[PDB]
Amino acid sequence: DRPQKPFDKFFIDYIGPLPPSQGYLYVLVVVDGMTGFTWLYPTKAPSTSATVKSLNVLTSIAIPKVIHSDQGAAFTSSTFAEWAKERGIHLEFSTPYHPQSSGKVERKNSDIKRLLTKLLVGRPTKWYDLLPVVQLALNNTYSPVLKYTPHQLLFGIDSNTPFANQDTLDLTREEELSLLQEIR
């Protein structure tokens, strides 16, 4: 059996609805299975159309052999199946109510959700502008299991933005108090 590689499998999922930022409401999350590399795309809906528009960007950089998702409507539509067929991409679905990725991906998706929450508090409406720095953070974060960041695994070099502070990622007492205020 051949060793696992970048582009072997992209794991995709939506996060949201979120507070409106520059008119956007969701984040399409794409994580490379082998490297843990993350790409994020702001969308206005979790629709097949927004998924195609977003993945059109990514797949103009690299094409995955397999896209893995849950049975979201956007991902099970025949339009999205057409799209993937056109590009020679195999589609892969977790069974309903039972999402399975890999340890690495699960953990990454977790960090993504937590990191978003942490920075959207105080500025719940400014997340659109922060997506770039979010991704750099995620992709320059040291992986305990492998000796390397996703950046390093994807490009085979060190990065010019090492995030040397492995961070709190937890909400400070002040943030817990004003998170219970904004959600009221």
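For the two forms, the rigid core is made up of the largest set of C-alpha atoms that agree within 1.5 Å on superposition. For every residue, the number given is its place in the sequence shown, counted from 1.
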Out of 119-127 and 144-152, which one drifts farther from the shown form in 8 other deposited structures of this protein in terms of CA positions, with the fit done on the rigid core? 119-127
Averaged over C-alpha atoms, is the B-factor higher for 109-117 or for 67-75 in this PDB entry? 109-117
Quick check on the record: does 146-154 or 118-126 carry the larger mean Cα temperature factor? 118-126
Would you check the entry's CA temperature factor for residue 163 and let me know if it's in the chain's lowest, middle or highest third? highest
Residue 12: C-alpha B-factor third of its chain, per the entry, is the lowest
